[PDB]
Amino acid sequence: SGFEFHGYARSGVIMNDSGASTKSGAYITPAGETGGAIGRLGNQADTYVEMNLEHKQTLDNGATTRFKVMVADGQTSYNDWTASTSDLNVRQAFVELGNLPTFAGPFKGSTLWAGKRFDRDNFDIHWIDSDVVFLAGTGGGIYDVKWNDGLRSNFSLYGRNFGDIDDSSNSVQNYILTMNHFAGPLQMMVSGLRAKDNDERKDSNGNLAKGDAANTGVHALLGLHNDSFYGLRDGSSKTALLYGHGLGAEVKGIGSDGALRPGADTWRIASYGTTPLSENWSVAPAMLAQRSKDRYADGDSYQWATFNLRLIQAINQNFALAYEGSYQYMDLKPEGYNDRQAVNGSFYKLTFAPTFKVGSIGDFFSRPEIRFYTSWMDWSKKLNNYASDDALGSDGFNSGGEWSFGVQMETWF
């Protein structure tokens, strides 16, 4: 065949009760810095776009060829001309050679790839704008090596960079070796990471950028992909247990954190489900919790847990009422790192969003959708103290209740 255009786009407005700007984002809480994402409905004011241009090809012998480029940009500005603050950048550029006649045995229907890409098998928890696992970078590998006709595996090498790619003395390559095995509903992912002399990166001045930074890492994922809402109702669900040590201590963006100590230790649990309550109501609960010790400073600790609950109610074939509630508890002990002060407390979010679409309302993933919304946000005052250049506690976002309103669209195809 030929060309295909795919992509994602969110774009909207959010204002407080006075018709002016406020803070918003799935990562605005102090916990957000270590991955503590909260509900995103009516809580995203940026114009984010991803453009996927593809060149597919099928040969008569069954062999496939595929090329894809991803160009992305994310703007907080509402203006029609954002050249000065543009973030337009090529995120992906890779080729896939699939179903080769020459590959036999366990390599029968396997697909070889190379270039810069997001791993095909990454997966996320949509309502919280957080990936469960996100393996990206530049490299190569093979998908779907079928063993015994009931155990498939992926093997790959992904390369990333740490520090300033322009400053040779403050730049390091981080490599990741990963084997991903799938056996029915079960998934076992194991990665080995390594960035030689990461601890010896000198900044522009001549001093050590870190000194106690890790040079290696280990990462693992244990996942369960169900075809029912946790086995008790129609729907679907996914549960994943993540573990990381050293450079592997950042369990979502694998190999994306160059500041982790050798002893940085992380455990994380991601879980969510989709289930129809009635021919008009659908519910999707999700939880993300993490425990990270000795991450950036000796003796530090970052603990938080997010609970998100999205509910849609079909009224028409085109109109639905969506609701979202987020709850997050956090206890962060930064030990002076980044001028952060130890903090603990909770964050809450309530959103009511009338939604229009043409697709199946009971489907959380049917996308052309336009929504109007209102949110209420509150939190323990102590969280204001985590940072001084933070969102919580800045000018006009420190009181108890904060109200926001807006309109936005979101799609993918």
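One rule holds for the numbers: they count along the sequence shown, beginning at 1.
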| query | finding |
| --- | --- |
| Segment of higher mean CA temperature factor, 65-73 or 357-365 | 357-365 |
| Comparing 397-405 with 10-18, the one whose average Cα B-factor in the PDB entry is higher | 397-405 |
| C-alpha B-factor winner, where the candidates are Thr102, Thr82, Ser271, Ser301 | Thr102 |
| From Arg40, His55, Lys381, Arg371, residue of greatest CA B-factor | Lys381 |
| B-factor third for the C-alpha atom of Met377 within its chain | highest |
| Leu277 CA temperature factor, ranked by third within the chain | highest |
| Relative C-alpha B-factor of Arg340, binned into the chain's lowest, middle or highest third | highest |
| CA B-factor placement of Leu59, once the chain's modelled residues are sorted into thirds | highest |
| Third of the chain, ranked by Cα B-factor, where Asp164 sits | highest |
